[PDB]
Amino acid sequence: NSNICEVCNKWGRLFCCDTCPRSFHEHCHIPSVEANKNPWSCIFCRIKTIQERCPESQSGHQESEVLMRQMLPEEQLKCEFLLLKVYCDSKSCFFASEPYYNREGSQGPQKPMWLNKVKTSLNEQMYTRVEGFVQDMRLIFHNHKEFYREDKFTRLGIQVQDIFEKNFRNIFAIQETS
């Protein structure tokens, strides 16, 4: 197994996947690494199994159809994995914890949102459709763009949104377009 966490790239108290060489901090994995379970398979491995069981699941889909899907166990898992792929980028730090807004010439968003809030919402099964999770994720970056205006810091929102959107298209097998 790797000697650094797959998500934050640090050493520490690491749990090792039994079916792949990745390792995780307990609360870096999503869901948090399960108490017992021998063997244990990481989210990467669990997603790869879904694909392998249903190869046709990789054919292209329309985003509108994916969004309306109910959050059954496979869709729950896919959203957890997509959230984890965002935390994998170091720039996610800016969006992880609860923000506050006090900048001359700007007003804070009406509905603040942040990664750890989405993480709790998934854990608590608060989303009934994929659409709920995707709307909160996109809200994080939209709030950031609106608040930071012409400050160059706006670009951090564009960057992490791009990581979200690429991973969304991969994980949910969105039909490729020009």
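All residue numbers refer to positions in the sequence shown, first residue = 1.
Novice: Do the C-alpha atoms of 50 to 58 or of 135 to 143 have the higher average B factor in the entry?
Specialist: So the stretch with the higher mean C-alpha B-factor is 50 to 58.
Novice: Would you mind comparing 34 to 42 and 125 to 133 for me and telling me which has the higher average C-alpha temperature factor in the entry?
Specialist: Averaged over C-alpha atoms, the B-factors run higher in 34 to 42.
Novice: What's the residue among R69, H27, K111, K117 with the greatest CA temperature factor in the PDB record?
Specialist: In the PDB entry, the greatest C-alpha B-factor among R69, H27, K111, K117 is found at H27.
Novice: Can you tell me which of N167, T154, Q161, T19 has the maximum CA B-factor listed in the PDB entry?
Specialist: Spelled out: the listed residue with the top C-alpha B-factor is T19.
Novice: By its CA B factor, does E80 count among the lowest, middle or highest third of the modelled residues in the chain?
Specialist: According to the entry, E80 has a C-alpha B-factor in the chain's lowest third.
Novice: With respect to C-alpha B-factor, does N102 fall in the lowest, middle or highest third of the chain as deposited?
Specialist: Middle third by C-alpha B-factor.
Novice: Against its chain's modelled residues, does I171's Cα B factor rank lowest, middle or highest third?
Specialist: Lowest third - that is where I171 ends up once the chain's C-alpha B-factors are sorted.
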